[PDB]
């Protein structure tokens, strides 16, 4: 008794730490709920810094600690992303400014652009960049992503 097909693009600065973790977490959630076939899921970066790279090894390891694997390779957000995804969910205030600016530069913007943390029941609005941190920072990002992803899934139609 089908749920309509929906799409989400997680966005961070580099697409190596936060948005690959958010994507993988969301993918695991929808697979646990047997509705993976009803979602199109991707991640992408504001910048072109890391294009082609697999996620930061700390992020891959964080995900493996929680039984999750990812085959993502970094890519930059494109004009076409704004036209094709239903939701673009980003990590911090800087990502939000940059995506709202990019969306102004395109003619077709279907995507609703939001902070992923706006979905957190625990009200942690910002998912802070762990790149210069340690494994515990990646774990904090993981746990934030779990909360936000879970809430988003139950609100999004």
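Residue numbers count along the first chain shown, from 1.
Q: Determine, for stretches 31-39 and 60-68, which one has the higher mean CA B-factor as deposited.
A: Between 60-68 and 31-39, it is 31-39 that shows the higher mean C-alpha B-factor.
Q: What stretch has the higher average Cα B-factor here, 133-141 or 11-19?
A: Per the deposited B-factors, the answer is 133-141.
Q: Choose from 45, 99, 127, 109 the residue with the greatest Cα B-factor as stated in the PDB record.
A: Of the options given, 109 has the highest CA B-factor in the PDB entry.
Q: Among 104, 95, 122, 118, which residue carries the highest C-alpha B-factor recorded in the PDB entry?
A: Out of 104, 95, 122, 118, the record gives the largest C-alpha B-factor to 104.
Q: Using the temperature factors of the C-alpha atoms in this entry, rank residue 156 within its chain: lowest, middle or highest third.
A: According to the entry, residue 156 has a C-alpha B-factor in the chain's highest third.
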